[PDB]
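In what follows, a single structure is set out as structure tokens and then discussed.
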Amino acid sequence: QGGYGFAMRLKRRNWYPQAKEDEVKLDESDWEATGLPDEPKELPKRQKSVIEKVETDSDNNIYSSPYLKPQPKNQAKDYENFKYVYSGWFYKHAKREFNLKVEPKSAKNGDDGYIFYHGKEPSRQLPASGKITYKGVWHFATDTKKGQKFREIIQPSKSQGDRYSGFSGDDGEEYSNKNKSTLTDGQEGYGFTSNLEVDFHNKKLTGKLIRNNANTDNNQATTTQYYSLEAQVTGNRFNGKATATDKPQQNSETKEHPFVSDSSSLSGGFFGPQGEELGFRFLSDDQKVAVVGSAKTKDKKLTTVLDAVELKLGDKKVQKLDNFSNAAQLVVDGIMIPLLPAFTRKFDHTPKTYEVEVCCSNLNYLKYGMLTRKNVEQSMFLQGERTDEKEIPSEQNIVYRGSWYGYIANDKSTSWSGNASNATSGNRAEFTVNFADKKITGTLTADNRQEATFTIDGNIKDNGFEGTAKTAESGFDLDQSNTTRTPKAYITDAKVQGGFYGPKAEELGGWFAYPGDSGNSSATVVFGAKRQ
Numbered sequence: 037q038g039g040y041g042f043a044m045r046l047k048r049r050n051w052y053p054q055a056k057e058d059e060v061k062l063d064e065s066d067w068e069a070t071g072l073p074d075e076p077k078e079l080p081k082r083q084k085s086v087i088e089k090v091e092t093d094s095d096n097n098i099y100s101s102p103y104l105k106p121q122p123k124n125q126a127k128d129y130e131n132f133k134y135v136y137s138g139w140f141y142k143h144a145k146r147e148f149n150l151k152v153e154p155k156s157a158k159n160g161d162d163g164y165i166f167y168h169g170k171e172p173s174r175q176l177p178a179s180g181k182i183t184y185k186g187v188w189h190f191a192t193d194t195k196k197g198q199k200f201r202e203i204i205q206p207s208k209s210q211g212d213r214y215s216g217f218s219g220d221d222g223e224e225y226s227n228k229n230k231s232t233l234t235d236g237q238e239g240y241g242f243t244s245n246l247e248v249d250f251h252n253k254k255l256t257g258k259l260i261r262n263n264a265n266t267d268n269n270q271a272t273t274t275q276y277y278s279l280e281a282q283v284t285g286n287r288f289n290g291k292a293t294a295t296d297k298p299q300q301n302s303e304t305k306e307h308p309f310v311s312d313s314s315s316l317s318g319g320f321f322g323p324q325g326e327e328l329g330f331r332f333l334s335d336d337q338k339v340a341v342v343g344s345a346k347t348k349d350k380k381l382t383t384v385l386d387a388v389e390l391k392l393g394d395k396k397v398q399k400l401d402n403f404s405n406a407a408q409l410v411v412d413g414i415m416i417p418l419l420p439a440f441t442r443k444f445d446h447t448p479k480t481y482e483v484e485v486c487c488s489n490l491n492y493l494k495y496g497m498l499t500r501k502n523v524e525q526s527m528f529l530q531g532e533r534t535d536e537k538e539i540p541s542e543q544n545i546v547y548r549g550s551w552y553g554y555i556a557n558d559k560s561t562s563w564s565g566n567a568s569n570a571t572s573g574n575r576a577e578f579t580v581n582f583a584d585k586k587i588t589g590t591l592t593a594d595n596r597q598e599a600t601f602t603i604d605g606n607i608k609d610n611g612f613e614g615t616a617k618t619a620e621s622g623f624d625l626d627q628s629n630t631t632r633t634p635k636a637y638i639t640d641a642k643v644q645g646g647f648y649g650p651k652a653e654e655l656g657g658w659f660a661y662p663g664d674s675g676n677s678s679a680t681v682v683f684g685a686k687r688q
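Laid out in structure tokens, this is it:
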């Protein structure tokens, strides 16, 4: 799926009879994108505005989860103070609606708001191995029918579950230990919280969505687990299944809560430097419960999983784009640009005017090319999903053929820029990689030239490569028709960086910018190649 964050709208049923709404189910269709948050403690900007426009009556304050920053607690105890992700809810008590002039006669009562999670900086690298505890908080919101859930939202006074949704933050709901000041002694923390484990070695995620209990009455508990979570990590995203712990076993009985159905659409992602924070969400297949949450690591050997760079024409510093382990989706300035509906295509996307040329059609896990935005700024990009560190082959001599985008100037003279090509004469690249010897060798060759424009030599490390890039010792030469002493691009040791991409390193890609962080040569290039 991909995304910075997601939110869902509280429902409110037309409880007026005759009309007989009787049931308002949730829907995948109801998930809304949050957009990039500038400060993740703040509310989702787009949807906090939908609420302010709500109208309103009597009370007009917007209530939100404790940790948020527009005396209850909602914490996993040493998991703690997030920096990159937040999940939660916010609401205001909405005006009752009543209308006998409209068909089919409407009546509505109760809170209105959102549950949401959002995040900054989708993770670029993760740990190579080990099992790491992530602990956080979570939040739910139910459909509306005929009520009710005595077990976690107090006395259906306002008809929580019936007239409106009822949710992690209803007034309204006091069986969690959120107002108590001492820890349950069965621990975890305050409120509805989560206990996830991430197995980076096996790319597996598991854990539990518990509730820390106000008291030890009933025949329960200290802690009451409502969900187990299983997910397979795929890049910096995870996907999978949420299992409902306390299901009505005999089917000839209903439970006093809504957490009675499994979910096959748990979705989430890591955020921060090493994916040391996550954010996730699901919708149960009965379409009755919706959940979001986030998780951390405390406070008191890495592997990079993707490459996403922006090469400013013509700048010394490479920029890092955000990406969701989707090469076919380009993430710039919080906007999402699909690189699909023949070799390279060029198109205009206006969400303030983006012109992109993207290569290539013969690539699936790597995409690169030309990025120009108006309002006229020009740059290059390369995005790719790295092959797993354990999946890079060990066989000597493997050959890759592809193409490149280039820009080469002399500051005294003129400039040459070439686009990517599958033409026999057009821009073109070739590589010879030797795993085990851990070497990469290749050539970049400008359109309608014969000599190699760039020779490339570096070293394979894990799923990436790092090396040098140099023009012919006789220099590059910028406008061939000019048959005199003029130009003359001299690129010495340009720093090239790259990685291998997808299933078993079937694609590779690199970029370099010269000079990087008393000469007049300048270069900015990205290239991709596919295994032959």
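Quick note, the sequence shown lines up with residues 37 to 106, 121 to 350, 380 to 420, 439 to 448, 479 to 502, 523 to 664, 674 to 688 if you use the deposited numbering. Don't be surprised by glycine CBs; every beta carbon is placed ideally from N, CA and C.
Under the three-state reduction of DSSP, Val-86 is assigned to helix. Between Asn-227 and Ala-264, the C-beta spacing is below 8 Å.
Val-580 and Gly-531 have their alpha carbons spaced roughly 18 Å apart.
The C-alpha of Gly-657 lies about 40 Å from the C-alpha of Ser-244. Within 10 angstroms of the beta-carbon of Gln-627 lie fewer than 16 other beta-carbons, which makes it exposed.
Of the candidates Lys-61, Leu-419 and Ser-173, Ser-173 places its Cα closest to the Cα of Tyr-40. A direct Cα-Cα distance of roughly 6 Å separates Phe-42 from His-168. Excluding residues up to 5 positions away in sequence, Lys-291 and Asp-335 lie with their Cβ nearer than 7 Å to the Cβ of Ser-314 in the same chain. Residue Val-341 holds the alpha-carbon nearest to the alpha-carbon of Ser-218 among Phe-132, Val-341, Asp-93 and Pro-206. Of all alpha-carbon atoms in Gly-318, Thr-232 and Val-310, the one lying nearest the alpha-carbon of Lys-254 is that of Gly-318. Per DSSP, the beta-bridge partners of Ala-157 are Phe-148. Listed in chain order, the alpha helix (DSSP H) elements of length 4 or more contained wholly in the segment 537 to 572 amount to none. Taking C-beta separations shorter than 8 Å and ignoring five residues to either side along the sequence, the partners of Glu-238 in its chain run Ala-126, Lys-127, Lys-185, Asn-245, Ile-260, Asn-262 and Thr-273, following chain order. When DSSP reads this structure, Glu-613 sits in a beta bridge with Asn-606 and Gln-644. Closest in alpha carbon position to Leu-390, among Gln-282, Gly-663 and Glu-147, is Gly-663. DSSP places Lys-81 within a helical segment (H, G or I) once states are collapsed to three. Listed as beta-bridge partners of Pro-177 by DSSP are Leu-381. Membership of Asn-491 in any beta strand (DSSP E) is not indicated, and neither H nor E is assigned to it by DSSP. Distance from the CA atom of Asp-249 to the CA atom of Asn-286, rounded to whole angstroms, is 13 Å. Rounded to the nearest angstrom, the Cβ distance from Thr-615 to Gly-393 is 19 Å, too far for a contact under 8 Å. For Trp-658, the enclosing beta strand (DSSP E) starts and ends at 654 to 661. By the neighbour-count definition (other C-beta atoms within 10 Å, threshold 16), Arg-331 is a buried residue. A Cβ-Cβ contact shorter than 8 Å links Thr-590 with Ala-599. Nearest C-alpha to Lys-443 among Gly-611, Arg-500, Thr-382 and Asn-595: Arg-500. If the five residues before and after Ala-178 are omitted, its C-beta is found closer than 7 Å to the C-beta atoms of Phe-250, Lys-380, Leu-381, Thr-382 and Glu-536, all from its own chain and listed in chain order.
Contact between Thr-194 and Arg-49 holds, with the beta-carbon distance rounding to 4 Å and staying under 8 Å. The residue from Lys-608, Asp-445 and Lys-396 with its alpha-carbon nearest to that of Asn-502 is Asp-445. Going by beta carbons, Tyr-129 and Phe-321 fall outside the 8 Å limit. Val-86 is positioned such that its CB atom lies no closer than 8 Å to that of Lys-142. DSSP places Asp-58 in the coil class of the three-state scheme, outside both helix and strand. Here the C-alpha atom of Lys-199 lies approximately 21 Å from the C-alpha atom of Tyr-240. Within the segment 224 to 310, the beta strand (DSSP E) runs of at least 3 residues that lie entirely inside it are, in chain order, 242 to 249, 254 to 261, 277 to 284 and 287 to 294. The C-alpha of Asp-609 lies about 13 Å from the C-alpha of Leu-176. The distance from the Cβ of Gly-646 to that of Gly-611 is about 4 Å, consistent with a contact at the 8 Å cut-off. For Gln-398, the enclosing beta strand (DSSP E) stretches over residues 397 to 399. Counting the other CB atoms within 10 Å of its CB gives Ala-583 a total below 16, which places it among the exposed residues.
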